[PDB]
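> Before anything else, here's the structure in question.
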Amino acid sequence: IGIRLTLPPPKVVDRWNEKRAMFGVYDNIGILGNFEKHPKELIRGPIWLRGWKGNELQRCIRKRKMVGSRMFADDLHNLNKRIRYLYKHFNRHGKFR
Amino acid sequence: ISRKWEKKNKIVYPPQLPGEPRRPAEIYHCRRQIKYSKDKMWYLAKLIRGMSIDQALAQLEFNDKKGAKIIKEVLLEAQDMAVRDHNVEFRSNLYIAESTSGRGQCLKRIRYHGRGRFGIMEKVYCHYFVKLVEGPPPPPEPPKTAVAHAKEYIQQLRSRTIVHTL
Amino acid sequence: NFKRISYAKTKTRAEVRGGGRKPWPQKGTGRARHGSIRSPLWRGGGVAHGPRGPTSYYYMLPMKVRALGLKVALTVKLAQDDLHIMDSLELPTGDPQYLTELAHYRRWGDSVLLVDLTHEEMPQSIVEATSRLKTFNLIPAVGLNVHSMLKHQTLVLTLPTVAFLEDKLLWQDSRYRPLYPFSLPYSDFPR
Amino acid sequence: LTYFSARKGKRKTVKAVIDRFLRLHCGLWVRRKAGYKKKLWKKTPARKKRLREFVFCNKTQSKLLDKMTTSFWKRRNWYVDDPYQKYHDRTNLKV
Amino acid sequence: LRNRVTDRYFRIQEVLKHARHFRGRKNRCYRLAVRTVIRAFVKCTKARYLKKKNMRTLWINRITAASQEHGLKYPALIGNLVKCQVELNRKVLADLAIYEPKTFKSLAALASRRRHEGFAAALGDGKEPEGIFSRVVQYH
Amino acid sequence: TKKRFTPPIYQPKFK
Amino acid sequence: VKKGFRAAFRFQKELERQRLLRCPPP
Amino acid sequence: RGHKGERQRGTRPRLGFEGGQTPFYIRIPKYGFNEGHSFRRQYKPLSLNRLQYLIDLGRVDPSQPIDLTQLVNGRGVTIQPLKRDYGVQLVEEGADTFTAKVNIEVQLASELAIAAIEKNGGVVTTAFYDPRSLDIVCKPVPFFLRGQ
RNA sequence: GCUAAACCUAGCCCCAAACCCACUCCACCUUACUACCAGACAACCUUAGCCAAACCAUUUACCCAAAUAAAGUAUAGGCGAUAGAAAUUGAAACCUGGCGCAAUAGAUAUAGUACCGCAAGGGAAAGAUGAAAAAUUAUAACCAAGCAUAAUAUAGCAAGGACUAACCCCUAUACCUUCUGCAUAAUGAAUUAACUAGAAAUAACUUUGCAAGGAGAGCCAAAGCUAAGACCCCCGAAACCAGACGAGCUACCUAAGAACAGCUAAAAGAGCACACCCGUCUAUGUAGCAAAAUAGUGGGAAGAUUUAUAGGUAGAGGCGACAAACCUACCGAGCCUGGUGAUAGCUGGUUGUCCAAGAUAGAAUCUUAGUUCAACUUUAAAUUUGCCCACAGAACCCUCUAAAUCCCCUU
RNA sequence: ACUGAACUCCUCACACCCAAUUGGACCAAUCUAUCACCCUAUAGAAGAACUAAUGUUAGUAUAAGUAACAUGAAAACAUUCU
RNA sequence: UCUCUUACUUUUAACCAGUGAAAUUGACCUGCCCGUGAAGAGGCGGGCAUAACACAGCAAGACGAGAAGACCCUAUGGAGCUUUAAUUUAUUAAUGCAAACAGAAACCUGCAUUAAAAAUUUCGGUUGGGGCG
Ligand SMILES: [K+]
Ligand SMILES: [K+]
Ligand SMILES: [K+]
Ligand SMILES: [Mg+2]
Ligand SMILES: [Mg+2]
Ligand SMILES: [Mg+2]
Ligand SMILES: [Mg+2]
Ligand SMILES: [Mg+2]
Ligand SMILES: [Mg+2]
Ligand SMILES: [Mg+2]
Ligand SMILES: [Mg+2]
Ligand SMILES: [Mg+2]
Ligand SMILES: [Mg+2]
Ligand SMILES: [Mg+2]
Ligand SMILES: [Mg+2]
Ligand SMILES: [Mg+2]
Ligand SMILES: [Mg+2]
Ligand SMILES: [Mg+2]
Ligand SMILES: [Mg+2]
Ligand SMILES: [Mg+2]
Ligand SMILES: [Mg+2]
Ligand SMILES: [Mg+2]
Ligand SMILES: [Mg+2]
Ligand SMILES: [Mg+2]
Ligand SMILES: [Mg+2]
Ligand SMILES: [Mg+2]
Ligand SMILES: [Mg+2]
Ligand SMILES: [Mg+2]
Ligand SMILES: [Mg+2]
Ligand SMILES: [Mg+2]
Ligand SMILES: [Mg+2]
Ligand SMILES: [Mg+2]
Ligand SMILES: [Mg+2]
Ligand SMILES: [Mg+2]
Ligand SMILES: [Mg+2]
Ligand SMILES: [Mg+2]
Ligand SMILES: [Mg+2]
Ligand SMILES: [Mg+2]
Ligand SMILES: [Mg+2]
Ligand SMILES: [Mg+2]
Ligand SMILES: [Mg+2]
Ligand SMILES: [Mg+2]
Ligand SMILES: [Mg+2]
Ligand SMILES: [Mg+2]
Ligand SMILES: [Mg+2]
Ligand SMILES: [Mg+2]
Ligand SMILES: [Mg+2]
Ligand SMILES: [Mg+2]
Ligand SMILES: [Mg+2]
Ligand SMILES: [Mg+2]
Ligand SMILES: [Mg+2]
Ligand SMILES: [Mg+2]
Ligand SMILES: [Mg+2]
């Protein structure tokens, strides 16, 4: 019980597809391009996460002040509660002071 | 679910050599989803375990339990199946080799108790398995006699060595 | 890892729909005490410590560290007979079969990374030959990176590319600390 | 102490420490004596002499005040004609 | 990424295999068997001291049994064999008392003779010479 | 010592 | 259906050993 | 995490709390140690050893007038106008070994540093720069990109 | 060999991009889904509280329309927990993605359906052959607990040492948690499978880069600076506030109705006694027929009676022949949703292997169920003495003329 | 005299018997990069490991085949009887 | 009712047939005496007893089971209620003034003072069984 009786379907990974053969390209755009571009500008994803890093509370705070006016009512309410809980957890709970 | 009992009637052995002895016939038969308790059904299967095919029918015909009539119908169609399909010459030259009962799928209903309480009651179903082997039933094992006990006790005293030494 | 963004995200006990009501009274029922049906203990509840995406793993190594890695990567290629210098990427024929057979005769390797000075000056002979290939990649000089070189067995460079690399790489070894980002005009930048 | 602010997500500084203490760049914290302005008529001149002195906090107190202030207060300042300028660095200190 | 235990079956079989010979539900239920396999292993480690202790006690009883057949006590045999520089442990003497009855009787005679020599020396004041078997070989 | 009453909790009928 | 291959592969070897016990080869 | 209490449950009190008694930092009286700290003027010191070090390496050419722009352009100083900097002050460190004829303009200068420069034939003049113009002087290139 | 066990899709999550749907016919604000008569009916009004301040009473973060920086700075504040700018600086921007999930997961979802509640509202469970089912002669073997095959033989945490041999002999006071100390007759666990609990980089340390400079504007620098690695859990209250939903049970009231044999008496909140209502005593029952009943015995039974129907009063309240009664089977303050993952110095739990170091001076505290500091303990680092202890030396008013310390070179 | 320990010795190997806490050395499975190609290597990453929370869901035991439950009689199943 | 119970019928009961729960359960191969122990032992020490085995009774034990029981204590945990506890008059009502008017007044609004009715919050530790700390 809890373990399959048959082998999993075989998985074949294309080590030389378009994405892997061209992964990491232009990571030296700033060094080799007279510093016109920055490698952080090559990041694709959320507008509040391009070229930025932080903990869970900092991500929620940054997301609320950048796309908070565009979020859905349910999602915005959940984000506000998450900030309230994380504020209480980090600033009032822990092993070290 | 498992239905290996039915497949046991489809195994075909290779033809026997002229010097090989007569191999008794093996018949596997069962009935599924019998509205009866496997605990109560066990006493009926144990009663006819080791009995002859005709002797077992005699016990099940005058037995007051409901499953006795259910098992009898299983033996009657298995006895007919033995001669018709399994090349058994005499229908009475059979004995019950294996006779057991198995748990079947059971529905779950609610039995209402007092004070707004409840208790889940199942509608128990059971299986019955029977195996028929051509030939007379094996003789019952004789009770162990005093000579056998004396022979065994003396044999124990002869197999003892000096332990924890050379 | 610097451009990795993890989109995995789970719903905590505050985001699972429903579960605001206490199931049974605290005492008298003879069962375990629970305040909601969406707690991590319950089936179908939230996850106590799960991913909270989207998450960024962005960090920047110092510029001299990233530039030094290219020199070390280039040193390994030359020291291990995996670096080849060329004058131009002009092939006699645009047949991709010609490129594969040429690399096998010289025993370059299973994979070769081709580098040109610029993207607009790449000869059409090699562009149409590497377009149908998977182990032979054609990239500009600015697209040079450590991961691509380490993935590929053999590296091929042109003469203009070599001069380009030395100007860019040695510039880090003798330079002042930036008062303002180098994208702004300087006395001697760009070179 | 607020380890993560609700609008910037960064550590804050307790203003009670800043007003009551002075930090030298060498790591020492300089404070006043509790009660140097209270009931001076019943205190001997020797007692009052050490009450109006500036004293250094010990290791435990100094480590406590380093966590309650941000890095803006630990930077090196170059105020013109600073009374405590000469005390921002240790001299002939071993171990 | 969600990680789940996929080889939990192998983690419980390495403990249940040591419990296959037990009785009751503690041979197939992991929760019940793990508390019994641990105690079985603990008893295994602590029984290594008892086995050494019990072997020596068994040897003493066998040595005592054979000495009484020759009219000697266990202290009279072990004690007087030491004074003859015969360094035989209980394992050998127990084996000798079972498989070499004639050799054991010779040792009993030697121990009895040495025992009698000490009594004679105890009656005298040292003027008489020591017993023939009471001489000790010196090693330098 | 208030009167203690525990209301029985029924289970869903689908089971 | 838990993902992975090492646990499923390892279990198959154990099953084959039981097959060699219930029905040993000649 | 230990045995029970506020340690294991993660409900430890705030930093500086002493279990109920008046905290150590609270009981210390207030004094004007840092009062008006953000309005005090700061000047990055410039030693004659540092100035002579720049001249001998060619980072600061003595043939041209020396102002705050040249010192920043030579990476001799790092002025932070946002950090209440008002320029550089010329200190007297290394006056004995200073030997160069320069025309350097510094916001503040000590009496000995002034004497040391004029002894070798140099000229020293002190001028004031407001914080707004200070950032323009330190980094002229970013200012010229604002189109103002 | 039964029950079972496995079997991958449905679909979903997070981003990006782009601003979305809403007249076939008929019906639908009256009792919605009802073809068809004189109406007058109007929307707008600071959130609070939990919580933190170890109580609490001022106070306590909540997108407000440019990221970064200025900056956690100026200021605000039982100047205390905490709150917190601006001038100024200026940003790239290519939807067609995944070191996301794979049926106890991912949306609750096969579905807001079944079902539950008068209503608001709560809220599921599960599916699995194959190219072909117009191949069922089918989708073979092995796998949890539970059973069956196959009941049991002196004796004892059920095992270990063993043995020719299952037992017989010898040895052995279950586990976790909480306590100074649990075989303890203290807590938890019938069992199987799955799920379920340590998130943060200020300082310091470690390892690279560069170096009086470091850094891809800002920031720091009297060897620093940049980057990485590496430390901070889960479940549980009784409560509080806001907005809704409830008087089809019940408390009282309103509208217009109905019921009350017979006998004795008299124009009776009269007597006896049915229907009817009520529930005194006793017994049965106690997961019961019943989350308050049965049998017998009782109180009233022309009235302050009983009762059907419709309407009204709603929680900071209603209502009350005041019992702190009743307000939809837990009312000293209803239920539901939201704040809410409220909080809990309290209880319980806190998941792989191996090794090492490792226990009992105290002070403060609305504090003695806690916390902080010290003592002790750990690692790393630096340095040179540490321990043991020969004389000498340490008070008088004081002969319990005490045992013995402190100091202390040698060793 | 002898008996008598995990003390000591002997043959051999030695990191291999403390709560809390602290320092380590390793490591299951999973995903990714690159290998590997009967299931592994080196790295990166994390919903990363359950004999226990009157834990949650599901299955099945135990109490237990126990408590409890039910159909007036004859008959031609027309009917009749109690 | 009792001295002092007894007989009978019915239900229950027990047996045969059918259907088929619930609390409970660490694992048990589940003995007595004496002693010991976290102070009340089926499991430890010393003695004694002991083939296995179901059914029907019994209620001394398993500190038996059932609702973290009642009972005292603890919490800088709640709530109701009372008040000469503390903090307030926002709200309501009555006056005063200003305002606004007529020529006097009222309504309204602002600011005050009185009450009313409420709102928020707390109940320091130490020691003391027959006290008045
Ligand atoms: K669900
Ligand atoms: K406490
Ligand atoms: K009893
Ligand atoms: Mg019923
Ligand atoms: Mg009912
Ligand atoms: Mg909720
Ligand atoms: Mg709520
Ligand atoms: Mg709760
Ligand atoms: Mg979920
Ligand atoms: Mg010994
Ligand atoms: Mg605990
Ligand atoms: Mg009409
Ligand atoms: Mg009409
Ligand atoms: Mg508070
Ligand atoms: Mg309180
Ligand atoms: Mg689901
Ligand atoms: Mg099984
Ligand atoms: Mg024994
Ligand atoms: Mg309200
Ligand atoms: Mg009504
Ligand atoms: Mg009448
Ligand atoms: Mg009357
Ligand atoms: Mg009434
Ligand atoms: Mg009464
Ligand atoms: Mg009634
Ligand atoms: Mg009457
Ligand atoms: Mg109504
Ligand atoms: Mg009434
Ligand atoms: Mg009263
Ligand atoms: Mg009362
Ligand atoms: Mg209610
Ligand atoms: Mg909590
Ligand atoms: Mg140790
Ligand atoms: Mg106090
Ligand atoms: Mg040993
Ligand atoms: Mg030793
Ligand atoms: Mg050793
Ligand atoms: Mg790995
Ligand atoms: Mg986990
Ligand atoms: Mg498990
Ligand atoms: Mg559990
Ligand atoms: Mg029974
Ligand atoms: Mg019965
Ligand atoms: Mg009947
Ligand atoms: Mg029956
Ligand atoms: Mg049950
Ligand atoms: Mg027995
Ligand atoms: Mg006893
Ligand atoms: Mg005993
Ligand atoms: Mg019995
Ligand atoms: Mg009874
Ligand atoms: Mg307290
Ligand atoms: Mg308040």
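Starting from 1 in every chain, residues are counted up; chains themselves are A, B, ... following the order of the structure tokens, and ligands are numbered from 1 as listed.
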Using only C-alpha atoms (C1' of nucleotides) and all ligand atoms, find each protein or nucleic acid residue lying at most 12 Å from ligand 26; present the set as a PDB file with N, CA, C and O atoms (P, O5', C5', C4', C3', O3' and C1' of nucleotides), in the first residue's frame.


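result27.pdb written:
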```pdb
ATOM      1  P     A I 270     -63.001  29.087  41.046  1.00  0.00           P
ATOM      2  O5'   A I 270     -64.326  28.245  41.307  1.00  0.00           O
ATOM      3  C5'   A I 270     -65.543  28.885  41.661  1.00  0.00           C
ATOM      4  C4'   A I 270     -66.280  28.105  42.719  1.00  0.00           C
ATOM      5  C3'   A I 270     -66.193  26.593  42.598  1.00  0.00           C
ATOM      6  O3'   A I 270     -64.988  26.068  43.127  1.00  0.00           O
ATOM      7  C1'   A I 270     -68.439  27.217  42.942  1.00  0.00           C
ATOM      8  P     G I 271     -64.279  24.815  42.418  1.00  0.00           P
ATOM      9  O5'   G I 271     -65.103  23.563  42.952  1.00  0.00           O
ATOM     10  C5'   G I 271     -65.253  23.336  44.345  1.00  0.00           C
ATOM     11  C4'   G I 271     -66.197  22.195  44.619  1.00  0.00           C
ATOM     12  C3'   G I 271     -65.983  20.941  43.789  1.00  0.00           C
ATOM     13  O3'   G I 271     -64.925  20.134  44.272  1.00  0.00           O
ATOM     14  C1'   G I 271     -68.278  21.481  43.815  1.00  0.00           C
ATOM     15  P     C I 272     -63.961  19.371  43.239  1.00  0.00           P
ATOM     16  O5'   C I 272     -64.818  18.109  42.786  1.00  0.00           O
ATOM     17  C5'   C I 272     -65.355  17.213  43.746  1.00  0.00           C
ATOM     18  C4'   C I 272     -66.289  16.217  43.109  1.00  0.00           C
ATOM     19  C3'   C I 272     -65.785  15.560  41.836  1.00  0.00           C
ATOM     20  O3'   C I 272     -64.885  14.495  42.083  1.00  0.00           O
ATOM     21  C1'   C I 272     -68.007  16.288  41.515  1.00  0.00           C
ATOM     22  P     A I 273     -63.491  14.420  41.288  1.00  0.00           P
ATOM     23  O5'   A I 273     -63.918  14.005  39.812  1.00  0.00           O
ATOM     24  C5'   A I 273     -64.703  12.847  39.583  1.00  0.00           C
ATOM     25  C4'   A I 273     -65.387  12.902  38.240  1.00  0.00           C
ATOM     26  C3'   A I 273     -64.485  13.181  37.050  1.00  0.00           C
ATOM     27  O3'   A I 273     -63.802  12.025  36.598  1.00  0.00           O
ATOM     28  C1'   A I 273     -66.393  14.564  36.928  1.00  0.00           C
ATOM     29  P     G I 299     -56.361  15.879  42.824  1.00  0.00           P
ATOM     30  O5'   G I 299     -55.924  17.247  42.139  1.00  0.00           O
ATOM     31  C5'   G I 299     -55.078  18.161  42.820  1.00  0.00           C
ATOM     32  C4'   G I 299     -54.749  19.354  41.959  1.00  0.00           C
ATOM     33  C3'   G I 299     -55.905  19.948  41.173  1.00  0.00           C
ATOM     34  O3'   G I 299     -56.744  20.785  41.948  1.00  0.00           O
ATOM     35  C1'   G I 299     -54.041  19.707  39.753  1.00  0.00           C
ATOM     36  P     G I 300     -58.335  20.747  41.732  1.00  0.00           P
ATOM     37  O5'   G I 300     -58.564  21.599  40.406  1.00  0.00           O
ATOM     38  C5'   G I 300     -58.264  22.986  40.374  1.00  0.00           C
ATOM     39  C4'   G I 300     -58.144  23.500  38.961  1.00  0.00           C
ATOM     40  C3'   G I 300     -59.390  23.398  38.095  1.00  0.00           C
ATOM     41  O3'   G I 300     -60.327  24.434  38.339  1.00  0.00           O
ATOM     42  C1'   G I 300     -57.528  22.616  36.881  1.00  0.00           C
ATOM     43  P     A I 301     -61.903  24.119  38.339  1.00  0.00           P
ATOM     44  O5'   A I 301     -62.211  23.669  36.843  1.00  0.00           O
ATOM     45  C5'   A I 301     -62.077  24.579  35.763  1.00  0.00           C
ATOM     46  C4'   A I 301     -62.032  23.857  34.440  1.00  0.00           C
ATOM     47  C3'   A I 301     -63.306  23.130  34.038  1.00  0.00           C
ATOM     48  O3'   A I 301     -64.265  23.986  33.448  1.00  0.00           O
ATOM     49  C1'   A I 301     -61.461  21.690  33.753  1.00  0.00           C
ATOM     50  P     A I 302     -65.679  24.229  34.168  1.00  0.00           P
ATOM     51  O5'   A I 302     -66.041  25.732  33.788  1.00  0.00           O
ATOM     52  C5'   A I 302     -65.092  26.776  33.969  1.00  0.00           C
ATOM     53  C4'   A I 302     -65.720  28.139  33.819  1.00  0.00           C
ATOM     54  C3'   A I 302     -67.001  28.360  34.621  1.00  0.00           C
ATOM     55  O3'   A I 302     -67.055  29.714  35.063  1.00  0.00           O
ATOM     56  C1'   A I 302     -67.443  28.673  32.321  1.00  0.00           C
TER      57        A I 302
END
```

> So that I can check the secondary structure, give me every residue of chain G assigned alpha helix (DSSP H) by backbone DSSP, as a ChimeraX atom specification.

/G:6-22

> Listing only residues of chain I within 12 Å of ligand 6, what is the closest atom pair and its distance in Å (to one decimal) for each, using only C-alpha atoms (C1' of nucleotides) and all ligand atoms, sorted by chain and residue number ascending, as a tab-separated table?


```
residue	atom	partner	partner_atom_place_in_ligand_line	distance
I:337	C1'	ligand 6	1 (Mg)	9.7
I:338	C1'	ligand 6	1 (Mg)	8.4
I:339	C1'	ligand 6	1 (Mg)	9.8
I:340	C1'	ligand 6	1 (Mg)	6.3
I:341	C1'	ligand 6	1 (Mg)	8.1
I:342	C1'	ligand 6	1 (Mg)	11.5
```

> How would you report the residues lying within 8 Å of ligand 31, as a list in words, if you count only C-alpha atoms (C1' of nucleotides) and all ligand atoms?

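Using only C-alpha atoms (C1' of nucleotides) and all ligand atoms, I find these residues within 8 Å of ligand 31: residues 328, 329, 330, 331, 334 and 335 of chain I.
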
> Quick one: residues within 12 Å of residue 76 in chain A, only C-alpha atoms (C1' of nucleotides), excluding same-chain residues fewer than 2 positions away - as a PDB file with N, CA and C atoms (P, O5', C5', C4', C3', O3' and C1' of nucleotides), in the first residue's frame?


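Writing the result to selection.pdb gives the following:
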```pdb
ATOM      1  N   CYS A  60       5.268  41.197   0.186  1.00  0.00           N
ATOM      2  CA  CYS A  60       3.866  41.584   0.307  1.00  0.00           C
ATOM      3  C   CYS A  60       3.713  43.098   0.389  1.00  0.00           C
ATOM      4  N   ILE A  61       4.586  43.763   1.148  1.00  0.00           N
ATOM      5  CA  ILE A  61       4.509  45.217   1.272  1.00  0.00           C
ATOM      6  C   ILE A  61       4.787  45.882  -0.068  1.00  0.00           C
ATOM      7  N   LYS A  63       4.433  44.547  -3.054  1.00  0.00           N
ATOM      8  CA  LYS A  63       3.359  44.236  -3.990  1.00  0.00           C
ATOM      9  C   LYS A  63       2.132  45.106  -3.751  1.00  0.00           C
ATOM     10  N   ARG A  64       1.826  45.420  -2.491  1.00  0.00           N
ATOM     11  CA  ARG A  64       0.637  46.212  -2.197  1.00  0.00           C
ATOM     12  C   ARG A  64       0.773  47.651  -2.679  1.00  0.00           C
ATOM     13  N   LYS A  65       1.978  48.216  -2.634  1.00  0.00           N
ATOM     14  CA  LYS A  65       2.166  49.611  -3.006  1.00  0.00           C
ATOM     15  C   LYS A  65       2.437  49.809  -4.489  1.00  0.00           C
ATOM     16  N   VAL A  67       1.017  47.269  -7.192  1.00  0.00           N
ATOM     17  CA  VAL A  67      -0.097  46.747  -7.976  1.00  0.00           C
ATOM     18  C   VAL A  67      -1.321  46.578  -7.089  1.00  0.00           C
ATOM     19  N   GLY A  68      -1.286  47.175  -5.897  1.00  0.00           N
ATOM     20  CA  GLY A  68      -2.406  47.041  -4.981  1.00  0.00           C
ATOM     21  C   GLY A  68      -3.698  47.616  -5.525  1.00  0.00           C
ATOM     22  N   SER A  69      -3.607  48.691  -6.307  1.00  0.00           N
ATOM     23  CA  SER A  69      -4.787  49.295  -6.911  1.00  0.00           C
ATOM     24  C   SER A  69      -5.347  48.480  -8.068  1.00  0.00           C
ATOM     25  N   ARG A  70      -4.610  47.485  -8.558  1.00  0.00           N
ATOM     26  CA  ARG A  70      -5.058  46.647  -9.660  1.00  0.00           C
ATOM     27  C   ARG A  70      -5.525  45.271  -9.208  1.00  0.00           C
ATOM     28  N   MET A  71      -5.298  44.907  -7.951  1.00  0.00           N
ATOM     29  CA  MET A  71      -5.647  43.579  -7.474  1.00  0.00           C
ATOM     30  C   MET A  71      -7.153  43.440  -7.302  1.00  0.00           C
ATOM     31  N   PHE A  72      -7.619  42.195  -7.335  1.00  0.00           N
ATOM     32  CA  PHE A  72      -9.023  41.917  -7.078  1.00  0.00           C
ATOM     33  C   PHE A  72      -9.352  42.176  -5.612  1.00  0.00           C
ATOM     34  N   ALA A  73     -10.644  42.371  -5.336  1.00  0.00           N
ATOM     35  CA  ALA A  73     -11.067  42.700  -3.979  1.00  0.00           C
ATOM     36  C   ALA A  73     -10.736  41.579  -3.002  1.00  0.00           C
ATOM     37  N   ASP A  74     -10.974  40.328  -3.400  1.00  0.00           N
ATOM     38  CA  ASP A  74     -10.625  39.203  -2.536  1.00  0.00           C
ATOM     39  C   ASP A  74      -9.117  39.087  -2.363  1.00  0.00           C
ATOM     40  N   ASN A  78      -6.955  39.577   1.111  1.00  0.00           N
ATOM     41  CA  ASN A  78      -6.031  38.553   1.586  1.00  0.00           C
ATOM     42  C   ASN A  78      -4.627  39.107   1.775  1.00  0.00           C
ATOM     43  N   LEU A  79      -4.178  39.979   0.871  1.00  0.00           N
ATOM     44  CA  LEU A  79      -2.846  40.561   0.999  1.00  0.00           C
ATOM     45  C   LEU A  79      -2.742  41.426   2.249  1.00  0.00           C
ATOM     46  N   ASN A  80      -3.780  42.216   2.531  1.00  0.00           N
ATOM     47  CA  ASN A  80      -3.754  43.070   3.714  1.00  0.00           C
ATOM     48  C   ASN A  80      -3.701  42.244   4.991  1.00  0.00           C
ATOM     49  N   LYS A  81      -4.471  41.156   5.051  1.00  0.00           N
ATOM     50  CA  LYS A  81      -4.427  40.287   6.223  1.00  0.00           C
ATOM     51  C   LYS A  81      -3.069  39.614   6.361  1.00  0.00           C
ATOM     52  N   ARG A  82      -2.471  39.212   5.238  1.00  0.00           N
ATOM     53  CA  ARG A  82      -1.158  38.579   5.291  1.00  0.00           C
ATOM     54  C   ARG A  82      -0.107  39.539   5.832  1.00  0.00           C
ATOM     55  N   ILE A  83      -0.181  40.811   5.437  1.00  0.00           N
ATOM     56  CA  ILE A  83       0.746  41.807   5.965  1.00  0.00           C
ATOM     57  C   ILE A  83       0.535  41.994   7.462  1.00  0.00           C
TER      58      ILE A  83
ATOM     59  N   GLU C  15      -6.511  31.878   4.006  1.00  0.00           N
ATOM     60  CA  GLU C  15      -6.938  32.056   2.626  1.00  0.00           C
ATOM     61  C   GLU C  15      -7.809  30.921   2.108  1.00  0.00           C
TER      62      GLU C  15
ATOM     63  P     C I  62      -1.924  53.252   9.077  1.00  0.00           P
ATOM     64  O5'   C I  62      -2.549  52.363   7.917  1.00  0.00           O
ATOM     65  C5'   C I  62      -1.842  52.129   6.704  1.00  0.00           C
ATOM     66  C4'   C I  62      -2.260  50.827   6.069  1.00  0.00           C
ATOM     67  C3'   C I  62      -3.717  50.763   5.618  1.00  0.00           C
ATOM     68  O3'   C I  62      -3.818  49.920   4.471  1.00  0.00           O
ATOM     69  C1'   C I  62      -3.332  49.115   7.267  1.00  0.00           C
ATOM     70  P     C I  63      -4.563  50.441   3.148  1.00  0.00           P
ATOM     71  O5'   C I  63      -3.440  51.256   2.367  1.00  0.00           O
ATOM     72  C5'   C I  63      -2.104  50.777   2.300  1.00  0.00           C
ATOM     73  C4'   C I  63      -1.594  50.761   0.882  1.00  0.00           C
ATOM     74  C3'   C I  63      -1.687  52.078   0.127  1.00  0.00           C
ATOM     75  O3'   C I  63      -0.607  52.949   0.417  1.00  0.00           O
ATOM     76  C1'   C I  63      -2.511  50.322  -1.231  1.00  0.00           C
TER      77        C I  63
END
```

> Distance limit 9 Å, reference ligand 49, atoms considered: only C-alpha atoms (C1' of nucleotides) and all ligand atoms. Which residues make the cut? Give them as a VMD selection string.

chain K and resid 41 43 to 46

> Select the residues contacting ligand 24 at a distance of at most 12 Å, based on only C-alpha atoms (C1' of nucleotides) and all ligand atoms, then format the selection as a PyMOL selection string.

chain I and resi 279-281
